[PDB]
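1. what shape does this take:
(one chain, ligands or ions: 1)
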Amino acid sequence: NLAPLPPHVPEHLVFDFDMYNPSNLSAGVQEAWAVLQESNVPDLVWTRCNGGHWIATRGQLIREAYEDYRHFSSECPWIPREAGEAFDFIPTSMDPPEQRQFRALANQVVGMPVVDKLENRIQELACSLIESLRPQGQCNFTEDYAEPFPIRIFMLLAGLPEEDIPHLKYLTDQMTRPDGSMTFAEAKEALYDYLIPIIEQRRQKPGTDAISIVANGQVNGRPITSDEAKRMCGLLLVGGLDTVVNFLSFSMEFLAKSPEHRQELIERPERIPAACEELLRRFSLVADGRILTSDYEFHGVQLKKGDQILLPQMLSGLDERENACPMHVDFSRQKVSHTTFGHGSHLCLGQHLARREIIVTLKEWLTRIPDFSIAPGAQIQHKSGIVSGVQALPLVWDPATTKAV
Ligand code: HEM
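-> Residues are numbered from 1 along each chain as shown. The coordinates are given below.
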């Protein structure tokens, strides 16, 4: 259950939050993590759950920590400690300066110039999927659209066969929202086990897919090793399969319950990109962290070298000190303050691909199925972890209120 309180951690700063099953989960995951911003909760607390660790609860602290890599290192970014010690993905497990050389390489495979190229492809797939669903007046969103749409796009970007999707996604989910059937370490090993032969192959005979791009690449002008290429390709895999997939579900669940919000985007589709930022803020879903490199006093609190600290990227934008009425989705919100794609030198490299996928989904779906809702009796369930998700999303709609385009 709870790890004993280390001697240096003040008893009054204890707030036993469990990031993998928070107490108020039933009210929605975002709402569940928002209990850390309750009236009598401090900016920095210590939880005894999951081996024991700090949690910064406010945007001000989360951004500061993310900026100061000298004290808050990416070397051990996952909780529990076992998992963060085993976590060696590139470039996430590395801090500046040696970190940058790899971001540049990774930005060649998912960056903006690559996203633009992907445009038509992305629309074709979203339009393909929706039109096929349109006449049926129902669908379970997670399996019929949230997963296939982004995953097939990445599998194509990666040059990897779709048949391997069931296996890879299972490994991916074990890493972010563990089943208990395997440790982060075991799931990482399998991921690596899958990539090793593929990377050797792409190096032997170079293709134009993200995998061979990475594996035949250079960093700081020098050849990348097979091992560095594996560590980086596995992280790319995590991003392509378990991020947008979940976010699309939180947004669509919201739209299914918000006729007025849908009418706004139906009426002025030009508000869709704005609406995407506000949904990215409101349905923020990532939370990883750092490890203290040395004894350090932070905001009046004594941190010790080795202490792990959770810096929920999700929390910043729900922080009322950044955005008034944080839980209200306001497509017109004047300043949408968030750290959904992270903060600091580790800013998400897939963010551009992620927005495209979102804006396109929103645009192509609202245009064909403007009116829909959540299947009657459905008790939508959320799931929490490094990356939070939606268990199932049964949608229903009257076919006669739809249009083909
Ligand atoms: C809604 C979608 C997404 C969200 C909210 C998101 C969020 C994040 C966050 C919060 C981080 C920072 C982690 C840290 O600082 O420890 C990150 C890093 C990263 N993400 Fe994204 N991500 C998304 C989609 C994607 C996609 C689609 C990809 C590519 C397949 C991707 C690739 C990466 C990579 C390569 C990094 C590491 C950057 C580094 O460590 O320098 N992400 N992402």
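2. can we go C-alpha only for contacts and neighbour counts from here?
-> OK.
3. what number of residues lie near residue 24?
-> Around residue 24 sit 14 other residues, with neighbours defined as other Cα atoms under 10 Å.
4. quick check: it touching residue 31?
-> Yes. Applying Cα atoms under 8 Å as the test, residue 24 and residue 31 come out as touching, 7.2 Å apart.
5. between those two, which contacts overlap?
-> Counting by Cα atoms under 8 Å, 6 or more residues apart in numbering, no residue touches both residue 24 and residue 31.
6. which of the three states applies to residue 123?
-> Classification of residue 123 into helix, strand or coil gives helix, according to DSSP: H, G, I helix; E, B strand; the rest coil.
7. when you give positions from now on, start the count at 48
-> Yes, from this point I'll number from 48; that puts the last item at residue 170.
8. doesn't residue 406 make contact with it?
-> No. Counting by Cα under 8 Å, residue 170 does not reach residue 406; the two are 10.0 Å apart.
9. got the residues of the stretch 98-247 of the chain near the ligand?
-> Counting by Cα under 6 Å from any ligand atom, the positions of the stretch 98-247 of the chain adjacent to the ligand are 138-139, 150.
10. tabulate those in TSV, adding columns for neighbour count.
-> TSV is the format used below for these (neighbours: other Cα atoms under 10 Å):
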residue	neighbour count
138	25
139	22
150	20
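11. of these, which belong to helices?
-> residue 150 (DSSP state H).
12. now, which of the residues of the stretch 98-247 of the chain next to the ligand sits nearest residue 119?
-> Minimum separation from residue 119 among those (Cα to Cα) is found for residue 139, which lies at 12.8 Å.
13. the closest one is in contact with residue 121, isn't it?
-> Yes. The pair residue 139 / residue 121 is scored as a contact, 6.5 Å apart, by Cα under 8 Å.
14. find the nearest non-adjacent residue to residue 194, please.
-> Once flanking residues are discounted, residue 194 sits nearest to residue 292: 5.2 Å by Cα to Cα, 6 or more residues apart in numbering.
15. oh, I was asking about residue 104
-> Closest residue in space to residue 104, ignoring its immediate chain neighbours: residue 90 at 5.1 Å, by Cα to Cα, 6+ apart.
16. where do the helices sit along the stretch 348-452 of the chain?
-> 360-365, 398-415 (DSSP state H, counting those that start in this stretch).
17. quick one: list the elements packing against the host helix or strand of residue 164.
-> Using DSSP states H and E, the element containing residue 164 is helix 159-180. Other elements packing on helix 159-180 under the criterion 3 or more Cα pairs under 8 Å, 6 or more residues apart in numbering; DSSP states H and E are helix 195-205, helix 398-415.
18. show me the helices in the stretch 198-347 of the chain, by range?
-> According to DSSP H, counting those that start in this stretch, the stretch 198-347 of the chain carries its helices in the segments 212-223, 231-251, 257-262, 273-289, 291-303, 306-314, 319-329.
19. how about the contacts made by the residue in the stretch 98-247 of the chain positioned nearest to the ligand?
-> Closest contact between the stretch 98-247 of the chain and the ligand, by Cα to the nearest ligand atom, is at residue 139 (3.2 Å). By Cα under 8 Å, 6+ apart, the contact set of residue 139 is 121, 282, 393.
20. one more pass at 7 Å, please.
-> Residues near residue 139 by Cα atoms under 7 Å, 6 or more residues apart in numbering: 121, 393.
21. against residue 166, how distant is it?
-> Taking Cα to Cα, to the nearest Å as the measure, residue 139 and residue 166 are separated by 27 Å.
22. much appreciated, bye for now.
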